>>> print(open('coords-v5.csv').read())   # CSV, C-alpha atoms
chain,number,residue,atom,x,y,z
A,638,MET,CA,-45.3,-148.9,-66.4
A,639,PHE,CA,-42.1,-148.8,-68.4
A,640,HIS,CA,-40.8,-151.9,-66.6
A,641,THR,CA,-44.1,-153.9,-66.6
A,642,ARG,CA,-46.0,-152.9,-69.7
A,643,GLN,CA,-43.0,-151.5,-71.7
A,644,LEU,CA,-44.5,-148.1,-72.5
A,645,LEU,CA,-43.8,-144.5,-71.6
A,646,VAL,CA,-46.9,-143.1,-70.0
A,647,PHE,CA,-48.4,-139.5,-69.9
A,648,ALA,CA,-47.3,-139.2,-73.5
A,649,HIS,CA,-50.8,-138.3,-74.7
A,650,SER,CA,-50.6,-134.7,-73.4
A,651,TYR,CA,-48.2,-131.8,-74.2
A,652,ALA,CA,-48.3,-130.5,-70.6
A,653,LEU,CA,-47.4,-133.8,-68.9
A,654,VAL,CA,-44.6,-134.5,-71.3
A,655,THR,CA,-43.1,-131.0,-70.9
A,656,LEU,CA,-43.5,-130.9,-67.2
A,657,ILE,CA,-41.9,-134.4,-66.9
A,658,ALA,CA,-39.0,-133.3,-69.0
A,659,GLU,CA,-38.5,-130.1,-67.0
A,660,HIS,CA,-39.2,-131.1,-63.4
A,661,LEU,CA,-38.4,-134.8,-63.3
A,662,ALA,CA,-34.8,-134.3,-64.5
A,663,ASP,CA,-32.9,-133.7,-61.2
A,664,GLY,CA,-33.0,-137.4,-60.3
A,665,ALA,CA,-36.3,-139.1,-59.8
A,666,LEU,CA,-36.3,-141.0,-63.1
A,667,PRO,CA,-33.6,-143.3,-64.4
A,668,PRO,CA,-31.6,-141.5,-67.2
A,669,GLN,CA,-33.1,-143.4,-70.1
A,670,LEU,CA,-36.7,-142.7,-69.2
A,671,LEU,CA,-35.9,-139.0,-68.8
A,672,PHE,CA,-34.1,-139.0,-72.1
A,673,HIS,CA,-37.2,-140.1,-73.9
A,674,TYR,CA,-39.1,-137.1,-72.8
A,675,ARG,CA,-36.2,-134.8,-73.5
A,676,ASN,CA,-36.1,-136.3,-76.9
A,677,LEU,CA,-39.8,-135.5,-77.5
A,678,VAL,CA,-39.1,-131.9,-76.6
A,679,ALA,CA,-36.1,-132.0,-78.9
A,680,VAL,CA,-38.3,-133.3,-81.7
A,681,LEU,CA,-40.6,-130.3,-81.2
A,682,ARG,CA,-37.7,-127.9,-81.4
A,683,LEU,CA,-36.3,-129.6,-84.5
A,684,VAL,CA,-39.7,-129.2,-86.2
A,685,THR,CA,-39.6,-125.5,-85.3
B,589,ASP,CA,-12.0,-140.4,-83.8
B,590,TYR,CA,-13.3,-138.1,-81.1
B,591,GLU,CA,-17.0,-138.1,-82.1
B,592,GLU,CA,-18.3,-140.1,-79.0
B,593,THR,CA,-16.8,-137.5,-76.6
B,594,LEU,CA,-18.2,-134.7,-78.8
B,595,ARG,CA,-21.7,-136.4,-78.7
B,596,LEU,CA,-21.5,-136.4,-75.0
B,597,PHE,CA,-20.3,-132.8,-75.1
B,598,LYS,CA,-23.3,-131.9,-77.3
B,599,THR,CA,-25.8,-133.6,-75.0
B,600,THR,CA,-24.2,-132.0,-71.8
B,601,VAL,CA,-24.1,-128.5,-73.2
B,602,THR,CA,-27.5,-128.4,-74.8
B,603,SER,CA,-29.3,-130.2,-71.9
B,604,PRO,CA,-31.7,-127.9,-69.9
B,605,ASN,CA,-30.9,-129.6,-66.6
B,606,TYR,CA,-27.3,-128.6,-66.4
B,607,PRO,CA,-26.5,-128.3,-62.7
B,608,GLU,CA,-26.3,-124.7,-61.3
B,609,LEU,CA,-23.4,-125.7,-58.9
B,610,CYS,CA,-21.0,-125.8,-61.9
B,611,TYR,CA,-21.4,-122.1,-62.6
B,612,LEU,CA,-20.8,-121.3,-59.0
B,613,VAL,CA,-17.6,-123.5,-58.8
B,614,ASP,CA,-16.5,-122.1,-62.1
B,615,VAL,CA,-16.7,-118.5,-60.9
B,616,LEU,CA,-15.2,-119.4,-57.5
B,617,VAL,CA,-12.2,-121.2,-59.0
B,618,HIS,CA,-11.7,-118.7,-61.9
B,619,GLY,CA,-8.7,-120.5,-63.3
B,620,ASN,CA,-6.7,-120.9,-60.1
B,621,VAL,CA,-4.7,-124.1,-59.9
B,622,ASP,CA,-4.5,-124.2,-56.1
B,623,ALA,CA,-8.2,-123.4,-55.8
B,624,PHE,CA,-9.0,-126.4,-58.0
B,625,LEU,CA,-6.6,-128.5,-56.0
B,626,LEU,CA,-8.3,-127.5,-52.7
B,627,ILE,CA,-11.7,-128.3,-54.2
B,628,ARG,CA,-10.4,-131.4,-56.1
B,629,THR,CA,-12.2,-134.2,-54.4
B,630,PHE,CA,-15.5,-132.3,-54.4
B,631,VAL,CA,-15.1,-131.9,-58.2
B,632,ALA,CA,-14.6,-135.6,-58.8
B,633,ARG,CA,-17.6,-136.5,-56.7
B,634,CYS,CA,-19.8,-134.1,-58.7
B,635,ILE,CA,-18.5,-135.5,-62.0
B,636,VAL,CA,-19.2,-139.1,-61.0
B,637,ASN,CA,-22.6,-138.3,-59.5
B,638,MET,CA,-23.8,-136.3,-62.5
B,639,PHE,CA,-22.6,-138.7,-65.0
B,640,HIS,CA,-24.4,-141.6,-63.4
B,641,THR,CA,-27.6,-140.0,-62.2
B,642,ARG,CA,-27.9,-137.4,-65.0
B,643,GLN,CA,-26.1,-138.5,-68.1
B,644,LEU,CA,-23.9,-135.5,-68.8
B,645,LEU,CA,-20.4,-134.2,-68.3
B,646,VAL,CA,-19.7,-131.7,-65.6
B,647,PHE,CA,-17.9,-128.3,-65.8
B,648,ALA,CA,-17.7,-128.8,-69.6
B,649,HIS,CA,-19.1,-125.3,-70.1
B,650,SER,CA,-15.8,-123.6,-69.1
B,651,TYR,CA,-12.3,-124.0,-70.5
B,652,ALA,CA,-10.6,-123.6,-67.2
B,653,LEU,CA,-12.4,-126.4,-65.4
B,654,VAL,CA,-12.0,-128.8,-68.4
B,655,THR,CA,-8.3,-128.2,-68.5
B,656,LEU,CA,-7.8,-128.4,-64.8
B,657,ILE,CA,-9.7,-131.7,-64.6
B,658,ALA,CA,-7.7,-133.1,-67.5
B,659,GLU,CA,-4.4,-132.2,-65.9
B,660,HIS,CA,-4.8,-132.6,-62.2
B,661,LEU,CA,-7.7,-135.1,-61.8
B,662,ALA,CA,-5.8,-137.8,-63.6
B,663,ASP,CA,-4.4,-139.6,-60.5
B,664,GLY,CA,-7.5,-141.6,-59.8
B,665,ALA,CA,-10.7,-141.1,-57.7
B,666,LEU,CA,-12.1,-140.4,-61.2
B,667,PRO,CA,-12.8,-143.5,-63.3
B,668,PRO,CA,-10.8,-143.7,-66.5
B,669,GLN,CA,-13.9,-143.3,-68.8
B,670,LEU,CA,-14.7,-139.8,-67.5
B,671,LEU,CA,-11.1,-138.9,-67.4
B,672,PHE,CA,-10.6,-140.0,-71.0
B,673,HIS,CA,-13.6,-137.9,-72.1
B,674,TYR,CA,-11.9,-134.8,-70.6
B,675,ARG,CA,-8.6,-135.9,-72.2
B,676,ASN,CA,-10.3,-136.1,-75.6
B,677,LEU,CA,-11.7,-132.7,-75.1
B,678,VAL,CA,-8.3,-131.1,-74.6
B,679,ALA,CA,-7.0,-133.3,-77.4
B,680,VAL,CA,-9.6,-131.8,-79.8
B,681,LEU,CA,-8.5,-128.4,-78.6
B,682,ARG,CA,-4.9,-129.4,-79.5
B,683,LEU,CA,-5.9,-130.9,-82.9
B,684,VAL,CA,-7.6,-127.8,-84.2
B,685,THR,CA,-4.6,-125.5,-83.3
>>> encode(input="coords-v5.csv", output="structure tokens")
Amino acid sequence: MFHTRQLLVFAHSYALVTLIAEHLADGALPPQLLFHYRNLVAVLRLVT
Amino acid sequence: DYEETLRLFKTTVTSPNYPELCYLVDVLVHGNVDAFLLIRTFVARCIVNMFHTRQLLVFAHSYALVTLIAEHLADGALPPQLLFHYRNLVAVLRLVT
């Protein structure tokens, strides 16, 4: 979906974003797509 | 100007996916030069693989490994970009002192 529609998917839920950041980080995704979810987590920590 | 190396240092150190193998190799080398030299090629392969598939430096958590990589891993088999990040780390250590 990032390559065809140009959007990061599963963003609508906290659980999918957090699980993608945590468990899809040992490979699996290209680094940029991973970094987007890690950045969403970092935004939440920043707000804290 | 060492702020790009320090941005990569920040991302590496604060990243939650930092590989567990680095702590093991850190405790297994514990500052020995000859231990690092015996593990040398393994270390370079880990650095390249984690820079390209993750996006973070490797062994940057520990002073000993950073210094050993800066000094002994400067022949080659490590691309000059990674090597210069490690050089800039030791140069920041030298600047502060």
>>> residues_around(input="coords-v5.csv", residues="residue 662 (chain A)", least_positions_apart="3", cutoff="9 Å", atoms="only C-alpha atoms", output="list in words")
residues 657, 658, 659, 665, 666, 668, 671 and 672 of chain A; 604, 605 and 642 of chain B
>>> atom_distance(input="coords-v5.csv", atom1="CA of residue 645 (chain B)", atom2="CA of residue 620 (chain B)")
20.8 Å
>>> closest_residue(input="coords-v5.csv", among="A:642, A:667, A:647, A:683", to="residue 640 (chain B)", atoms="all atoms listed in the file")
A:667
>>> atom_distance(input="coords-v5.csv", atom1="CA of residue 632 (chain B)", atom2="CA of residue 590 (chain B)")
22.5 Å
>>> closest_residue(input="coords-v5.csv", among="A:670, A:684, A:654, A:678", to="residue 640 (chain A)", atoms="all atoms listed in the file")
A:670
>>> interface_residues(input="coords-v5.csv", of="chain B", to="chain A", cutoff="12 Å", atoms="only C-alpha atoms", output="list in words")
residues 599, 602, 603, 604, 605, 606, 607, 608, 637, 638, 639, 640, 641, 642, 643 and 644 of chain B
>>> closest_residue(input="coords-v5.csv", among="B:634, B:670, B:681, B:653", to="residue 619 (chain B)", atoms="only C-alpha atoms")
B:653
>>> axis_aligned_box(input="coords-v5.csv", around="region 651-665 of chain A", padding_each_side="6 Å", output="AutoDock Vina command-line options")
--center_x -40.6 --center_y -134.6 --center_z -67.0 --size_x 27.4 --size_y 21.0 --size_z 26.4
>>> atom_distance(input="coords-v5.csv", atom1="CA of residue 675 (chain B)", atom2="CA of residue 598 (chain B)")
16.1 Å
>>> closest_residue(input="coords-v5.csv", among="B:596, B:671, B:661, B:679", to="residue 627 (chain B)", atoms="all atoms listed in the file")
B:661
>>> residues_around(input="coords-v5.csv", residues="residue 673 (chain B)", least_positions_apart="4", cutoff="10 Å", atoms="only C-alpha atoms", output="list in words")
residues 590, 592, 593, 594, 596, 597, 645, 654, 658, 668, 669, 677, 678 and 679 of chain B
>>> decode(input="coords-v5.csv", residues="region 610-653 of chain B", atoms="C-alpha atoms", output="mmCIF file, in the first residue's frame")
data_model
loop_
_atom_site.group_PDB
_atom_site.id
_atom_site.type_symbol
_atom_site.label_atom_id
_atom_site.label_comp_id
_atom_site.auth_asym_id
_atom_site.auth_seq_id
_atom_site.Cartn_x
_atom_site.Cartn_y
_atom_site.Cartn_z
ATOM 1 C CA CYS B 610 26.033 -6.378 20.637
ATOM 2 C CA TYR B 611 25.764 -6.763 24.415
ATOM 3 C CA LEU B 612 27.038 -10.333 24.109
ATOM 4 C CA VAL B 613 30.001 -9.376 21.922
ATOM 5 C CA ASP B 614 30.688 -6.407 24.198
ATOM 6 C CA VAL B 615 30.855 -8.565 27.315
ATOM 7 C CA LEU B 616 32.807 -11.260 25.455
ATOM 8 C CA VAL B 617 35.484 -8.858 24.183
ATOM 9 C CA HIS B 618 35.621 -6.718 27.377
ATOM 10 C CA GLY B 619 38.260 -4.399 25.936
ATOM 11 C CA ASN B 620 40.757 -6.986 24.706
ATOM 12 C CA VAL B 621 42.496 -5.925 21.513
ATOM 13 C CA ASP B 622 43.322 -9.466 20.404
ATOM 14 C CA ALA B 623 39.762 -10.633 21.088
ATOM 15 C CA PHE B 624 38.468 -7.865 18.822
ATOM 16 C CA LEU B 625 41.064 -8.757 16.192
ATOM 17 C CA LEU B 626 39.995 -12.404 16.336
ATOM 18 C CA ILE B 627 36.332 -11.357 15.947
ATOM 19 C CA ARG B 628 37.148 -8.515 13.540
ATOM 20 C CA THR B 629 35.409 -9.656 10.342
ATOM 21 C CA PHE B 630 32.275 -10.718 12.230
ATOM 22 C CA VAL B 631 32.092 -7.196 13.690
ATOM 23 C CA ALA B 632 32.312 -5.498 10.289
ATOM 24 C CA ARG B 633 29.596 -7.740 8.878
ATOM 25 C CA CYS B 634 27.302 -6.931 11.803
ATOM 26 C CA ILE B 635 27.935 -3.202 11.344
ATOM 27 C CA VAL B 636 27.149 -3.249 7.627
ATOM 28 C CA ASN B 637 24.100 -5.496 7.952
ATOM 29 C CA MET B 638 22.547 -3.483 10.775
ATOM 30 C CA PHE B 639 23.247 -0.149 9.102
ATOM 31 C CA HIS B 640 21.563 -1.255 5.887
ATOM 32 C CA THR B 641 18.620 -3.312 7.164
ATOM 33 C CA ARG B 642 18.112 -1.484 10.440
ATOM 34 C CA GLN B 643 19.292 2.109 10.270
ATOM 35 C CA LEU B 644 21.496 2.310 13.333
ATOM 36 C CA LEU B 645 25.140 2.082 14.318
ATOM 37 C CA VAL B 646 26.379 -1.075 15.971
ATOM 38 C CA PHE B 647 28.294 -1.481 19.249
ATOM 39 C CA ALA B 648 27.917 2.271 19.899
ATOM 40 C CA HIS B 649 26.636 1.543 23.416
ATOM 41 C CA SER B 650 30.132 0.751 24.701
ATOM 42 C CA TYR B 651 33.321 2.794 24.729
ATOM 43 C CA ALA B 652 35.607 -0.180 24.132
ATOM 44 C CA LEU B 653 33.957 -1.411 20.948
#
